[PDB]
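S.K.: Below you'll find the sequence and an experimental structure to go with it.
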There are 2 protein chains.
Amino acid sequence: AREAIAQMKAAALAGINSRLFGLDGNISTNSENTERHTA
Amino acid sequence: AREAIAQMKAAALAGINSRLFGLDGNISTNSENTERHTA
């Protein structure tokens, strides 16, 4: 049975790419403006 | 008659090869695979 177990564990895991990062929360698509308006 | 009996017993047994074994039950024409399949 020691063989058959390892065959199961290996058969049920393939293609799963770990990729320890998820996604970052910090977005900056465009920097902050910091300018004014007048008439 | 002691002679004639022994002649019968010897005449009626010839070519019979004893061969105390019959046949074994254990067959192994090809060993057991123990491998998997995936897509």
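M.R.: Good, I have the coordinates. Numbering: from 1, shown residues only, chains lettered A, B, ... in the order given.
S.K.: Identify the residues contacting residue A:25.
M.R.: By Cβ atoms under 8 Å, 6 or more residues apart in numbering or on different chains, the contact set of residue A:25 is empty. (Each C-beta comes from the backbone N, C-alpha and C, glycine too.)
S.K.: what about it, which SS state?
M.R.: coil (DSSP: H, G, I helix; E, B strand; the rest coil).
S.K.: how close does the residue sitting furthest away from the middle of chain A get to chain B?
M.R.: Within chain A, the residue lying farthest from the chain centre (Cα atoms, centre = their mean) is residue A:39, at 47.3 Å. Using Cβ to the nearest Cβ, to the nearest Å, one gets 68 Å for the distance from residue A:39 to chain B.
S.K.: quick one: which helix or strand includes that residue?
M.R.: For residue A:39, there is no host helix or strand (DSSP states H and E).
S.K.: gap between it and residue A:33?
M.R.: For residue A:39, the distance to residue A:33 equals 19 Å [Cβ to Cβ, to the nearest Å].
S.K.: so the residue nearest to the spatial centre of chain A, which of the three states?
M.R.: A centroid search over chain A (Cα atoms, centre = their mean) returns residue A:22, at 2.5 Å, as the residue closest to the centre. When classified by three-state DSSP, residue A:22 comes out as coil.
S.K.: Could you report the distance from it to residue B:14?
M.R.: 89 Å.
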